[PDB]
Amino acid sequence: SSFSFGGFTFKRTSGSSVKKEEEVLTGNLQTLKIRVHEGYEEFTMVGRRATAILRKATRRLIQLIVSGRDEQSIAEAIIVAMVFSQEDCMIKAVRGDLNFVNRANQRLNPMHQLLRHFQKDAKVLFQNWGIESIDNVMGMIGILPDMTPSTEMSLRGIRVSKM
C-alpha cells in the first residue's frame, strides 16, 4: 500500500484505481503517454520536511491538506501532489520538452518527466492551477500561487494546516 514519488512516501489509506493509458499533448505540444489512475483514492504523503493528506479522483485533485516547516518545503509537496493528480491544467502548464534521463541514460517514466519539468520552475504550474475563495477555518490557511499565505483565497483544493 506504499510507494515513493517525488521524495515522498505515499500511502493509500482508502479507495482503489485501475490504470489506463492515455495519450495527451503537453502544454509544449509534445505527445505524452500517461498512465491514468481511474478511481477515487485517499493518500498520505510523508517527506523529510512536509506531510500531506490527499484525496483525488480520476485526473482530479479533490482535497490536499499540507503541513510543512516553511513555505518552500510546503511548495515541494504541492508540486508533487499537482503532478500526481494528473490534472489537465498541470499537463497544459508544461512549457518545455520532456527528455529527462537517469544516470543510465534511461528515460524517466511520464509522471517523473512531468515532475522534473516543474522542479525546474513551478511558477506557471501554480499560476494556472486555479484559485478559490475560502472560509476562515481555525488552524488552517490558504496558500496563493506565489506560495504566500492568505486568509481569503487559496489554490484550488489546497489548504495548509498550520503549526
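Residue positions are given as counts along the sequence shown, with the first one as 1.
Of the two segments, 45 to 53 and 65 to 73, the one listed with the higher mean B-factor is 65 to 73 (C-alpha atoms only). Judged by mean Cα B factor in the deposited record, 143 to 151 ranks above the other of 5 to 13 and 143 to 151.
Remark: of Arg60, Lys120, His112, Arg95, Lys120 shows the highest value [criterion: C-alpha B-factor in the PDB entry]. Per the PDB entry, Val137 shows the highest C-alpha temperature factor of the residues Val101, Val137, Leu32, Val124. In this PDB entry, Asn28 carries a Cα temperature factor that places it within the middle third of its chain's modelled residues. Ranked by Cα temperature factor within the chain, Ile158 sits in the lowest third according to the deposited record.
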